[PDB]
Amino acid sequence: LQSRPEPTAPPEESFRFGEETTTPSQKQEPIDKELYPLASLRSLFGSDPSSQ
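Residues numbered from 1 in each chain as written, not as in the entry; some residues may be left out. Heavy atoms only, no water.

The next point concerns the overall build of the protein chain. Along the backbone of the protein chain there are three helices and zero strands. Across the protein chain, helices and strands are ordered from the amino to the carboxyl terminus as α-α-α. Over its C-alpha trace the protein chain gives a radius of gyration of 15 Å, far above what one expects of a compact globule, namely 10 Å for 52 residues. For the protein chain, the spread of C-alpha atoms along the principal axes amounts to about 45 × 30 × 15 Å. Going through the 52 residues of the protein chain one by one, you find that 2% of them count as buried. In the form shown here, the protein chain has an accessible surface area of approximately 5500 Å², with 54% of it arising from carbon and sulfur atoms. (Helix = DSSP H or I, 4+ residues; strand = E, 2+ residues; numbered from the N terminus. Rg over C-alpha atoms; globule rule 2.2 N^0.38 Å. Buried < 20%, exposed > 50% of the residue type's maximum accessible area, 1.4 Å probe, protein only. Areas by Shrake-Rupley, 256 points an atom, 1.4 Å probe, with all protein chains shown as cover.)

Before going further, it helps to examine the pattern of salt bridges. Within the structure shown, the criterion is met by two salt bridges. With its nearest N and O atoms 2.6 Å apart, the salt bridge here joins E19 to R16. Per residue, the accessibility class of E19 equals that of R16, and both read exposed. (Salt bridge = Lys/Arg side-chain N within 4 Å of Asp/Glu carboxyl O.)

With that settled, the discussion passes to the environment of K33. Following the sequence through the fold, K33 ends up in the loop between helix 2 (18-21) and helix 3 (36-45). Residue class for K33 comes out exposed when judged on its relative accessible area of 53%. A polar side-chain atom of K33 sits 2.7 Å from a polar atom in the side chain of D32. (Polar contact = N/O pair within 3.5 Å; in protein donor to acceptor, adjacent residues only side chain to side chain.)

UniProt records the feature "domain: Gag protein p6" (unreviewed entry) for residues 1-38 in the present numbering. Taken as a whole, residues 1-38 contains 32% helix and 0% strand, while its terminal C-alpha atoms sit 39 Å from one another. (UniProt positions renumbered as here; feature names shortened; annotations may be inferred.)

Phi is mostly negative for residues that are not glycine, and the peptide bonds are mostly trans. Positive phi, close to 70°, is recorded for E29, a residue that is not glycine. When you line up the elements, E29 lands in the loop between helix 2 and helix 3. On the basis of relative accessibility, which here comes to 36%, the residue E29 falls in the partly exposed class.

So, in C-alpha cells, the structure goes:
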C-alpha cells in the first residue's frame, strides 16, 4: 500500500507470487546437475542483503 517501492518486501509476496516460481514444465531441470560447479560458484559472485 506504499507509493514508494520498498526493497523490504513482506514475505507474503513470496507466497502469493510463489505460483510463478514453481514451474512443472521445466521440472526436467535445465541447469542444475551438469552445471552444478557453475551454480555453486554463483555464491562467490552473488550476494543478497538478507542472505549470505
